[PDB]
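What follows is each chain in one-letter form.
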Amino acid sequence: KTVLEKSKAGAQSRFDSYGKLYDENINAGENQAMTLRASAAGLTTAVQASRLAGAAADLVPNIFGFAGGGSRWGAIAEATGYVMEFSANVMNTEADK
Amino acid sequence: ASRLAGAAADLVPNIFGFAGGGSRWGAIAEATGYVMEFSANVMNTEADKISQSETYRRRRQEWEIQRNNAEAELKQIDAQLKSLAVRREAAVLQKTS
């Protein structure tokens, strides 16, 4: 009986240890790190978007004033700017989270 | 930070020299500098210092479980040695019989 009781205690230790880890899905440190990356990602995205929008201010009137594709020579760069600077970056950011 | 402080210093007469928001075209650059060079930068930096510490904490937790498993076995074995000793005495009594 004593041997079985020691076995029981062994299983009980494992049960409680895995129970606790299971319940504490994400630790405090892990939550702080996730929070910081999420905030940094938001800030980073805001910068990429602000930086592009700032530049866009001098491109928009050329985009509007000229007609054509390759012949405008600027609308494509701004459109592709948005696609890589913002859309691709946001998708990858969300995928990582 | 020192690289940014230099770049930010260049904007002081451009920020406090103009009343307005985005139309200033100064503050945007200062904000893109600060937010990406320092705020997002440091938050991500700390996020990895934190996850590295958590990585080690999780590793210790797994080691704690394995140590405890071994400990439980040591206790079960001592209990088994005791039950065997009793069995041995019974064998001695059988010899007496």
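## Quick word on the overall build of chain A
For chain A, the count of helices and strands is four helices and zero strands. In sequence order, chain A lays out its α and β elements as α-α-α-α. Its C-alpha radius of gyration of 27 Å places chain A more than 25% over the 13 Å reference for a compact globule of 97 residues. If one aligns the C-alpha atoms of chain A with their principal axes, the spans along those axes are about 90 × 20 × 10 Å. Out of the 97 residues belonging to chain A, those deemed buried represent 19%. Approximately 6,600 Å² of chain A is accessible, and the part contributed by carbon and sulfur atoms is 62%. Across chain A, the centroid of the 9 positively charged side chains sits 11 Å from that of the 10 negatively charged ones.

## Side note on a nonpolar patch on the surface
A surface patch of nonpolar side chains, amounting to about 250 Å² of accessible area, comprises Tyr-34, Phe-38 and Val-42 of chain B. Inspection of the secondary structure puts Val-42 of chain B in helix α3 (residues 27–96).

What counts, and at which threshold
- Residues numbered from 1 in each chain as written, not as in the entry; some residues may be left out.
- Chains lettered and ligands numbered in written order.
- Part of a larger assembly, values for the part shown.
- Heavy atoms only, no water.
- Helix = DSSP H or I, 4+ residues; strand = E, 2+ residues; numbered from the N terminus.
- Rg over C-alpha atoms; globule rule 2.2 N^0.38 Å.
- Buried < 20%, exposed > 50% of the residue type's maximum accessible area, 1.4 Å probe, protein only.
- Areas by Shrake-Rupley, 256 points an atom, 1.4 Å probe, with all protein chains shown as cover.
- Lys, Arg positive; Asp, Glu negative; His and termini not counted.
- Charge placed at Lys NZ, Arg CZ, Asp CG, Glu CD.
- Patch = residues over 30% accessible without salt bridge, like charges linked within 9 Å, V, L, I, M, F, W, Y side chains within 5 Å.
- Salt bridge = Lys/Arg side-chain N within 4 Å of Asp/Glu carboxyl O.

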